[PDB]
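The chain below stands alone, shown as structure tokens; this is the form deposited in one PDB entry.
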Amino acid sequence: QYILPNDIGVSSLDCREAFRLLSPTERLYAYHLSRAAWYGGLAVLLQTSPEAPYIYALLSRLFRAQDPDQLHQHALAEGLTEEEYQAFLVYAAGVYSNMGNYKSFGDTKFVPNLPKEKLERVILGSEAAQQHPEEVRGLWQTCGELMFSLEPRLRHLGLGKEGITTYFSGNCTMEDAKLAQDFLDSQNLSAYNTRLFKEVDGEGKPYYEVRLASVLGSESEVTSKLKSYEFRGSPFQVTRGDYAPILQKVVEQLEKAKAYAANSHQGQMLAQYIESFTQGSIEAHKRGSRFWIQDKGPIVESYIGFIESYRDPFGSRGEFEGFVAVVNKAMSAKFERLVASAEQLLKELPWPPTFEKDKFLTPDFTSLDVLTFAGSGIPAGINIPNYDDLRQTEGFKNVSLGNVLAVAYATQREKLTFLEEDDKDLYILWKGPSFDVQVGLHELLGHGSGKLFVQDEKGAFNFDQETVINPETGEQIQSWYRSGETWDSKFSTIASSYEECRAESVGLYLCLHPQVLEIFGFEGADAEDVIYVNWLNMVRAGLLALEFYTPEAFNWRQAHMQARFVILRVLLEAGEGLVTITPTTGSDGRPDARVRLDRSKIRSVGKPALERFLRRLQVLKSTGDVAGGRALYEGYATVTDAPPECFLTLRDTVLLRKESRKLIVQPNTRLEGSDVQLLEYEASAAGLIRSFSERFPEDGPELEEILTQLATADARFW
């Protein structure tokens, strides 16, 4: 928990196809924006812990002088076991992936899982230490103890004795934080790009400094605010120049990116971000963010700045982040073909044509492949900007990061819990393709299908009530939505889960259709394997979903998980040997389970089960039959310890065999003349390290010197 396990999962982001299909101009745009993002992500070290910048500098020197493979021999010569050496690599990979020594998931410190005395032998005997003996000794003295310290006040991000933070000086309390917020509010000044430093005089009187992040120092709209203030008896000073040499690098790259931008919204947003990072102006960043919202469906999508305020103990200061995510043009093309045949494909669905929408509208779904996501962590989706005023007047972007979602489940053979040995190789090979098919169907044909029957305030219907027949009754429709009731309002508790279930089930049902598979590029045995793995993944995910059921509250904590479990329950109810979940004894003697899906019964048993289930789901949804809908859905979503599945017992097994969150390796891009190439790394701790070793080829040592200088300037505050 305060360590990352030696066997931590690792996945590499796949942006290969998408990047290949970028034009030369879009490649150069993505190249410079990626450089901007990776440069800026370095500031996150300063925004994490006093020691983080030095740890980064030290690890970076170490791995530059010796590859993880060259250091390996050195480590063994110093008497580290293979496991101790792996513990170091995992630790370094963790620092790099979090931009600091605190997990971005949980905000808890992590330390190396090996004796400090052994690590010291490796560091001080390294080639880096041979090249710069005083500097490496100095870095180790500076960060060695803190690298390992689990003093209670350092275990978590926070204030005082409860935690550590570099958003504020070490002497700050929540009272200080609130006072600063009141001051900033009074001056209409955003906290997002700020830190708070408190000096205390001989009499214990506090003096406050609000420091803005900017290239420019304290030697536009910002200029007038850089001065002294008195606020409720407290002196306040507003200054700027935080992270200046890092932001200078960011700005250089944003300026270069402008040459390759796709439209004037992109050109203007980048000019505004440059002003923001140069002057320290959130007002400028908001203007840029407005332009960004106006830039609809760009091929190369990006955002950059002090965006999220989760890690500030007070919750108002942003952590730096930057991303570049791209439209996969091949996937766009496939989706367009799916949409072009939507009329025909919809007719295959198990409800009557009268229960279908009068005309097909492509749902508002956007998926992009991440090329770069810099900072402390990579989310599987984005929903931004966070500026409430802008969200209301202009809107926001809500986008899936498809290649990050694609590695949500296990991507390594040895991590495939609950699968039979003979399914493991297939699963690893066909997982990616099956995901692409499932997503496209789910989002487009799943959420894009089905009509609600509505009676309005005048008594008028949106369907032909004289002639539409409920296939379950053989009679005219007698149940419908009234009083402006909606799906969400009528089916309060289950609306979201039931709809995801219906959409996921459309995915499984339509992935059987040879025309769908042909669009996605699959025929023959390969198409059969894509089908099988899609279904296998779904049933395994329904077992795994039990983590998100709370037995004591008889309550499901996550809509999507509940939906997956329901699908499992539908396929189990079908019987005939299609799917079984059996509690077993693991190879280690502890409780385990086996998911067995008979591929030969998917069409003959699975298809008709989903036919019946989907027909029921839609009829009950269309007619707004909440009592019927609740009975059906809550029935399947019920978790009991009944044999032979013993799902409550299995939930414990699921939690037992649960492993920590995986690390994600990201690619690099390299410029040669006007050509940009993609560099990829192995999915391992060594691979992730190498990805960072190669990330700053022009100026890595300059950046490390910048980081340690900035850290040293502020060291007295902690």
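One rule holds for the numbers: they count along the sequence shown, beginning at 1.
Missing coordinates between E219 and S220 amount to 4 to 9 residues of the deposited sequence. Mean C-alpha B-factor is higher over 483-491 than over the other stretch, the pair under comparison being 443-451 and 483-491. For the two regions 256-264 and 576-584, the entry's Cα B-factors average higher over 576-584. Out of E175, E308, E145, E78, it is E78 whose C-alpha atom has the highest B-factor in the PDB entry. Highest C-alpha temperature factor among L390, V370, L617, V210 per the entry: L390. Compared with the other modelled residues of the chain, the Cα B-factor recorded for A37 ranks in the lowest third. For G395, the recorded CA temperature factor ranks within the highest third of the chain's modelled residues. Per-chain ranking of the deposited C-alpha B factor places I123 in the middle third. When the modelled residues of the chain are ordered by their C-alpha B factor, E135 lands in the middle third. The deposited CA B-factor of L688 belongs to the lowest third of values across its chain.
We do not show the form solved in complex with a partner chain, though everything after this point is about it.
The closest non-hydrogen atom of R564 lies within 4.5 Å of its partner chain in the bound PDB entry. Contact annotation: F105 falls within 4.5 Å of its partner chain in the bound PDB entry, judged by heavy atom distances.
Using a 4.5 angstroms limit between non-hydrogen atoms, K662 touches its partner chain in the bound PDB entry.
Of the heavy atoms in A627, none are within 4.5 Å of its partner chain in the bound PDB entry.
Contact with its partner chain in the bound PDB entry, judged as any non-hydrogen atom within 4.5 angstroms, is confined among 154-162, 331-339, 629-637, 307-315 to 307-315. A heavy atom within 4.5 Å of its partner chain in the bound PDB entry is found for exactly one of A574, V454, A380, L216: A380.
With the partner omitted here, the residue from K490, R391, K118, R137 that has a non-hydrogen atom within 4.5 angstroms of its partner chain in the bound PDB entry is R391.
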